[PDB]
Amino acid sequence: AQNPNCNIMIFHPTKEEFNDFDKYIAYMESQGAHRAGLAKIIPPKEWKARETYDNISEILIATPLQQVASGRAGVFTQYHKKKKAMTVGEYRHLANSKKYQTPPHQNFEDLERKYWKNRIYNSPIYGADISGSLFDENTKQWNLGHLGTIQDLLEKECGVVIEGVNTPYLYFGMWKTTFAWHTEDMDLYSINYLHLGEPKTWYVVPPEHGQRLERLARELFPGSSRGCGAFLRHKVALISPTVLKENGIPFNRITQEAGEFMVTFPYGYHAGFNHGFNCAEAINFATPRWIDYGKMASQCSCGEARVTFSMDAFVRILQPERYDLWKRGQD
Ligand SMILES: O=C(O)CNC(=O)C(=O)O
Ligand SMILES: [Mg+2]
Ligand code: NI
Ligand SMILES: [Zn+2]
């Protein structure tokens, strides 16, 4: 068995190997990369996502989200308070202000210490989930707006044509902006490209040990667990590495820098934080190996998780028994 300790693997494809996206994912899996839940892909030195980032300031962040925490430093939830619209140029200036900027630090490990110690005492503002793309249309390799769609994968594997579309999303972050512990919708893959700015630190639990993380979360968030049998689908709960180590949960960590891709694998729980002003682009995707994970994915039916149009068909075809109850949650 390849990669039996489930370590995060890092890949350095040549320009030739960067042509065929599906083939390279399958290669990474042949080496055991999925066992970690997360992999890093450093693009060939010849590749670029676009020529410059000099003209992005007029993108609108229609609904910036202030991430307000409750709990203790290592075990907390966050809620998202909607703020007034602002442009990317306005948000970058805000991120760089004395109130929100990254503090002085020695290295990534010192910054990580400061994040876990102090996150809860501040409320950073995240421009998340903004439909669009920063890939130049002429970038032909690993262009997250030109991937094969999940609907076409389901049709190729299972023969059933379904409605729905699959487009990328932009994330504009600042110091302390936080992504809570989750897997993807329908336990899909995700791919995330850090276009510019400061790093993003990731934590991940191997897919084979995901249920250990779920059992800890039910113990640590006991009211949320009674409210919903899949409450991590709400994407609000944080648990620190120190707490995970104290409770024997297997995980790994890695820092992504500008110019790098990360891939999350089906049922790979992940969480993390931004180091400073940055912009990332991400999208879900599928491969043939996903189909069995899609069929087994948990679902929130309490009404909190509220998701895309396109998830309807995935539930309806892969999980017909759950469909009725899940759709009640969506309506
Ligand atoms: O970058 C973020 O805030 C969150 N991204 C992801 O969870 C991802 O790409 O799957
Ligand atoms: Mg612009
Ligand atoms: Ni994710
Ligand atoms: Zn729920």
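Residue numbering for chain A follows Swiss-Prot, covering 11-341 in order.
Note: Cβ is positioned from N, Cα and C throughout, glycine not excepted.
Residues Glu26, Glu119, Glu147, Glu224 are shown; Swiss-Prot lists polyADP-ribosyl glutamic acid for one of them, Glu26. The candidate list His115, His156, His219, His280 contains one residue that Swiss-Prot assigns to the Fe cation site with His192, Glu194, namely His280. As annotated in Swiss-Prot, polyADP-ribosyl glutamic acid applies, among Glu27, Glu56, to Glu27. Closest by Cα distance to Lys210 (2-oxoglutarate binding site), from the recorded positions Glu26, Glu27, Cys238, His280, is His280. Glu194 (Fe cation binding site) sits 17 Å from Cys238 (Zn(2+) binding site), taking the Cα positions as reference.
You'll find the Cα of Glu27 (polyADP-ribosyl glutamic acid) roughly 39 Å from the Cα of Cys310 (Zn(2+) binding site). Looking only at Cα atoms, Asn202 (2-oxoglutarate binding site) sits nearest to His280 among the recorded positions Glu26, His244, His280, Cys312.
Once Cβ contacts within 10 Å are tallied over all protein chains shown, the binding-site residues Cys310, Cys312 are led by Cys310. The sparsest Cβ neighbourhood within 10 Å, among the listed recorded positions (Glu26, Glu27, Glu194), is found at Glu26. Relative to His244 (Zn(2+) binding site), the recorded positions with Cα atoms inside 10 Å are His192, the candidates having been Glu26, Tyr136, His192, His280.
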